[PDB]
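S.K.: An experimental structure, sequence included, is below.
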Amino acid sequence: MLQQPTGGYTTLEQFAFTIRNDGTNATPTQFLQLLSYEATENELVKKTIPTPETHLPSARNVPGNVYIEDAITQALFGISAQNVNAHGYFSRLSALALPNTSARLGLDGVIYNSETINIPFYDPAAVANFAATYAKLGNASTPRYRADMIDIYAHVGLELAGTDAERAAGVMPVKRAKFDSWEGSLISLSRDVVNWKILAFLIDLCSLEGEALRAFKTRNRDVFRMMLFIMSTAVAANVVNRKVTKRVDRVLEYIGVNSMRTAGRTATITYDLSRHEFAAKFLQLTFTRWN
Amino acid sequence: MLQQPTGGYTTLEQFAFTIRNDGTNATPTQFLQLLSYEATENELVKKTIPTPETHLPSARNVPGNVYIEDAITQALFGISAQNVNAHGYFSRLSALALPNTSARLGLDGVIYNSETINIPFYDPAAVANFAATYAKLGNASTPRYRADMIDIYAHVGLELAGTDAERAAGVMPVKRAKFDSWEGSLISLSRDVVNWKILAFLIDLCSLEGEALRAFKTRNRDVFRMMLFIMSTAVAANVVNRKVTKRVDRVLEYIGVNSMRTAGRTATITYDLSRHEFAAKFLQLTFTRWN
Amino acid sequence: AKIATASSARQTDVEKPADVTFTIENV
Amino acid sequence: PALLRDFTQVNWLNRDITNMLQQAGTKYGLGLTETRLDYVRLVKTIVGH
Amino acid sequence: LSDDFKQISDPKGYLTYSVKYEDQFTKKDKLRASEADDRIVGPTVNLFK
Amino acid sequence: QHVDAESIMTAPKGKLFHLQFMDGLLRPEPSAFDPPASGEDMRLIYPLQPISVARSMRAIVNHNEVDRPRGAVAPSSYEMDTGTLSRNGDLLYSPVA
């Protein structure tokens, strides 16, 4: 079980997160700086977010040994995922929040019926509060319940390049990111983030309380910023390379605006239409719960 | 050489004896209890034993590197031995008791002419007193010299299930052995006892003296009882299995009487006619010398 | 066999234009 | 399955097989194996395959 | 003798395997192994093409 | 074989027919340059048993590159465990732990 560590499940250290800065790994805090910010004459307003309708898909138990945690990490960051929004996997998960259910979430991220001995997991109460909230994403696709997209992205930007006087205020000028590069760097970081066990960071974002939370948000303010950037890459429209001195540089065109497609079909990772339907309803939950 | 340890060659510990009680080995003392005893209305009288004619086969030295120790252990306990009573091997052995002979009994149980360096053995004097007595078995088969059988078995029984007031007295009621079982247990224990280096237990049963003997018989009273039981199995006539609760049980029909054949052709180990001729003249020597 | 001789060789180079295949690989 | 331990180019499938044949909870193997009912002569000997 | 049961060379079994192939998914790497590396794990490879 | 929505309302009580369900898990998507579509397929019937019963594994094809395709299963750790005989007469498991 591992019970739960007080101060997070992310303070354990068995499973952490390191972006591979080429031949040598690093920490998310250490990577953010290699990037600078260019203020352009465009402005976004921080728009309020609507509440999420409470109606997570009912319990079914088809027998699949569903890799729910693996599926989640794949769509947001994964390189060209397929059938991400199919209905069967989530429905199975929602069974989890149920008081008294022989169905334990494996530590490795695989869900089971009944149990096992050889495999340690997360105590049933930690997962109960988790699936209470991320089961809802399941039906994000329905015509009626479906979430926005062209507007949640007014938040992505403040975090990635949000100046402190800017996230203190409401409006931030449209920025333009640019950082050093190794050519295959955009895909390379996206290939890397896929294995962070992003389950651990979320299954504890619903279990931590009033003080343990105040300390959690003030430390992992990076581990969040990271997956936000890699995600904001697929969305922004034009990638321009600058050849200076003996250096080479990647510019991400606009941090805060949904172009609606492409980014660079070759220079980065792309988002299908069944991705904007997903990544959107995702951010609508983590953001709200986050703040 | 190893010289000789005072208090036995069996107090050395390099070579001991452990019956394999399934997945876990044990000690002979520990195994005897799993068996209980059923007194039936039959009685045997302890009959006295005739002396053994002194006329061991003369010395020949055919060159064979004879495994005399290996052959002995095979006939008594071995599973379906063949040509056990053939003349050539023993004749070679009798050369051993001879004062001043270049012929040393290997520790491992193989007999040699002259000697070797790479192989340690038993000092010539320990073997001299040994072969003085067990060379005689060799000719047990001859029409004139041949030993009894239908009567030595009045001793086997007292030892296997001999109550202490019974081996104190003379007569013991005919018993019926029964103990827990694992199905292939009778053959399994018989396959196991074959490797005890029974040479060691005998080559010192003729070298130990007045006090060292009193201590030897009072300790190995089990290592003897063991090979006695496994031997008394082939002889008794009917093996009946009892199916109780969730348990299974083997009953050995009569501990003290030579049925003359079969035991169970399948459930145990069987004795040919050239076996009763052998095992009989064997017990006629160990018993007499034993007591 | 009779007279000792001398021979010469040169490592060859073989290539064709990249052919067309109708079978797909990954999902 | 598991007999094809390292003979499939399916890179993903090759993973779970090794993991399950590692956790000591399972042990695969074919051939002449050790048995309890052994040497028991029924005109001919009993072996376990 | 009575002879109640008859003997056979190889056992059959009650539960068997079936497959539905897709005749357009072929890998361009023709792998190879030894002959005893082939025999033991051989027909099982050609059931999971 | 295709049935009709009018025959599904007149079928005899005890006459069991078979109606096939389309899998289509592994199917290559169309190329970037091709004609679009206009308001397509409507499906009318659904099983609620559910039908997914016997499957050792499903779709043994790798998705680019080192990962499983979405919704693919592997053989269970039970058909890959040769146990030992009982303390007497029948087959037992490993056992666990």
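M.R.: That came in fine, so what should we check first? Numbers count the residues shown, from 1 in each chain, chains lettered A, B, ... in the order given.

S.K.: can you count the residues close to residue F:70?
M.R.: 22 (other CB atoms under 10 Å in any protein chain shown). C-betas here are computed from N, CA, C, even on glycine.

S.K.: I should have written residue A:115 there, sorry.
M.R.: Residue A:115: 11 surrounding residues under other CB under 10 Å.

S.K.: quick one, what contacts the residue most central in space within chain F?
M.R.: Closest to where the C-alpha atoms of chain F average out (CA atoms, centre = their mean) is residue F:52, at 5.3 Å. Residues near residue F:52 by CB atoms under 8 Å, 6 or more residues apart in numbering or on different chains: A:62, A:63.

S.K.: 10 Å instead, please
M.R.: A:62, A:63, A:64, A:88, F:21, F:58, F:73 (CB atoms under 10 Å, 6 or more residues apart in numbering or on different chains).

S.K.: What sits closest to the last one if chain neighbours are left out?
M.R.: The one in question is residue F:73. residue F:58 (5.0 Å; CB to CB, 6 or more residues apart in numbering or on different chains).

S.K.: can you check the fourth one too?
M.R.: The shortest distance from residue A:88 to any non-neighbouring residue, by CB to CB, 6+ apart, is to residue A:62 (6.5 Å).

S.K.: Need the phi and psi values for the residue in chain A positioned nearest to chain B.
M.R.: Proximity of chain A to chain B (CB to the nearest CB) peaks at residue A:117, 21.5 Å away. In terms of degrees, to the nearest 10, the main-chain angles of residue A:117 are phi -100, psi -50.

S.K.: That one: neighbour count?
M.R.: Using other CB under 10 Å: residue A:117 sits among 9 other residues.

S.K.: do the same with residue A:239
M.R.: Number of residues near residue A:239 (other CB under 10 Å) recorded here: 18.

S.K.: Secondary structure element holding the residue of chain F most remote from its centre?
M.R.: Residue farthest from the centre of chain F, counting by CA atoms, centre = their mean, is residue F:88 at 40.0 Å. Using DSSP states H and E, residue F:88 sits within no helix or strand.

S.K.: distance of it from residue B:79?
M.R.: Taking CB to CB, to the nearest Å as the measure, residue F:88 falls 22 Å from residue B:79.

S.K.: List the contacts of stretch A:1-15.
M.R.: If you take CB under 10 Å, 6+ apart as the criterion, stretch A:1-15 is touched by A:16-17, A:104, A:107-108, A:120-126, A:195-197, A:199-205, A:207-209, A:211-213, A:215-216, A:219-220, A:223.

S.K.: shouldn't the residue of chain A closest to chain B be in contact with residue F:96?
M.R.: Yes. With contact defined as CB atoms under 10 Å, residue A:117 and residue F:96 form a contacting pair (5.2 Å).

S.K.: which residues are in contact with both of those two?
M.R.: Counting by CB under 10 Å, 6+ apart, the contacts common to residue A:117 and residue F:96 are residue D:25.

S.K.: Neighbours of residue 2, how many?
M.R.: If you meant another chain, say so; for now it's chain A. Neighbour tally, residue A:2, other CB under 10 Å: 13.

S.K.: You answered for a different chain; I wanted chain D.
M.R.: If we define neighbours as other CB under 10 Å, then residue D:2 has 20 of them.

S.K.: Can you tell me the SS state at the residue nearest to it when sequence neighbours are not counted?
M.R.: Closest residue to residue D:2 in three dimensions, ignoring its sequence neighbours and counting by CB to CB, 6+ apart: residue F:80, at 4.3 Å. Residue F:80 falls in the coil class when you classify it by DSSP: H, G, I helix; E, B strand; the rest coil.

S.K.: contacting residues around residue F:80?
M.R.: Going by CB under 10 Å, 6+ apart, residue F:80 touches D:1, D:2, D:3, D:17, D:20, D:21, D:26, D:27, D:28.

S.K.: got it, and residue A:220?
M.R.: A:8, A:10, A:11, A:17, A:28, A:201, A:204, A:205, A:226.

S.K.: Could I get the phi/psi values of it?
M.R.: Phi and psi for residue A:220, reported as degrees, to the nearest 10, are phi -80, psi 10.

S.K.: For residue E:44, see how far away it is.
M.R.: 47 Å.

S.K.: count of neighbours near residue F:71?
M.R.: 18.

S.K.: Hmm, I typed the wrong one, I wanted residue A:62.
M.R.: Using other CB under 10 Å, residue A:62 has 12 neighbouring residues.

S.K.: Contacts only, for the spatially most central residue of chain C.
M.R.: Centre of chain C computed as the mean C-alpha position; nearest residue by CA atoms, centre = their mean is residue C:14, 4.0 Å away. The contact partners of residue C:14, by CB under 10 Å, 6+ apart, come to none.

S.K.: one step back: between the contacts of residue A:220, identify the one with the most neighbours.
M.R.: residue A:204 (25 neighbours).

S.K.: on that earlier part again, between the contacts of residue A:220, which is closest to chain F?
M.R.: Checking these against chain F by CB to the nearest CB gives residue A:17 as the nearest, at 18.9 Å.

S.K.: Can you tell me the SS state at residue A:39?
M.R.: In three-state terms, and counting by three-state DSSP, residue A:39 is strand.

S.K.: Not counting its neighbours along the chain, what's nearest it?
M.R.: Using CB to CB, 6+ apart and skipping residues adjacent in sequence, the residue nearest residue A:39 is residue A:173, 4.8 Å away.
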